[PDB]
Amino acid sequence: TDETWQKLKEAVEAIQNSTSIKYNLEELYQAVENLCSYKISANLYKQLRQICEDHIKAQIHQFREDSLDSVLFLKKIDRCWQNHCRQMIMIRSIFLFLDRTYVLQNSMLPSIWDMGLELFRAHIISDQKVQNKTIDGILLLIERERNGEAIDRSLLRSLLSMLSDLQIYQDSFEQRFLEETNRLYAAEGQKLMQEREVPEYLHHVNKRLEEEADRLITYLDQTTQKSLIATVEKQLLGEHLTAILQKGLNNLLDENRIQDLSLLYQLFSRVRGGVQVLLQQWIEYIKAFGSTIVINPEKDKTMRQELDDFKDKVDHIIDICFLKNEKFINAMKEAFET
């Protein structure tokens, strides 16, 4: 015993400190095979677990530096992670006989890689103060980006990917991310719904949905797709559908703003109750415009054509903006027979 294990113990420590492995690899692979085939005191797995636990427990101190820049802190977490993975991958190569035997022998012990993930989770990211300053920084970069500032997307992707590999993406990040996304776009909805007209507002909503779709593609996990887009759709559209029509639909129809009307249909198509709520106000607009042209004619042309000019105007809008939608044609016929 002892002697042989010191070979591997020194090789592991060289890997951990990024120094030199002072043996030819065949000697180290042989060492692993010997300790597994003649069990003495043994259990080489428990000893390897120990020297991995010691080294990783020593990595906690760098994240306790008081008043350290958030981005710099995130970069230390990432570097710590990239080093841990690289070291664990190499240890796994040397000890391939061990965990392939424990799988061949149907062991209940975690693989060497998972054992490293468990230790990394336990002693680094599990630390409440460490995880909190980690998540705060990740959310703060997303907030900076939504506010127009440039951030390292690769850094975000690497850290969030880490949280997924450690199986805490949902617990640690996704919950708080949606909560902050919810509060942010809720406020942005109320604020820009007052400051900007509907045409400038609709363009902005479409711009955010593409941006949030971009953050999903770029650095977020794919399972966040459903909850994130629904959140943005709710806070920028669902909470304001009725308010948007009462503020802009009349002006958009009276001055025949086809492009803005096409976009209104596309954005309202994204939300439940949206195309329907528009259809209600489409009816109210026809009854209002029509029932006032039989009361007050814009005495330029006769009444038959001014009514024929109106149907042409509206048919062009159904054809292009509302995508040949029958339900809008039927609603128009019903209104005319009023």
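Numbering starts at 1 and follows the sequence shown.
Q: When the Cα temperature factors in the entry are averaged, is it 112 to 120 or 187 to 195 that ends up higher?
A: Averaged over C-alpha atoms, the B-factors run higher in 187 to 195.
Q: Could you check the entry and say whether 146 to 154 or 250 to 258 has the higher mean CA B-factor?
A: According to the entry, 250 to 258 carries the higher average C-alpha B-factor.
Q: In terms of CA temperature factor as recorded, identify the highest of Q47, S70, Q59, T302.
A: Among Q47, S70, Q59, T302, the PDB entry lists the largest C-alpha B-factor for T302.
Q: Consider only the C-alpha atoms of the modelled residues in this chain, order them by B-factor as the entry records it, and name the third containing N325: lowest, middle or highest.
A: Highest third - that is where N325 ends up once the chain's C-alpha B-factors are sorted.
Q: Based on the entry's values, in what third of the chain does the Cα temperature factor of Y102 lie: lowest, middle or highest?
A: According to the entry, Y102 has a C-alpha B-factor in the chain's highest third.
Q: Pull the Cα B-factor of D54 out of the PDB entry and bin it into the chain's lowest, middle or highest third.
A: Lowest third, going by the recorded CA B-factors of the chain.
Q: For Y29, return the chain-relative third of its C-alpha B-factor as stated in the PDB record: lowest, middle or highest.
A: Middle third - that is where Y29 ends up once the chain's C-alpha B-factors are sorted.
Q: Where does the C-alpha B-factor of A11 rank in its chain, lowest, middle or highest third?
A: Its C-alpha B-factor belongs to the middle third of this chain's values.
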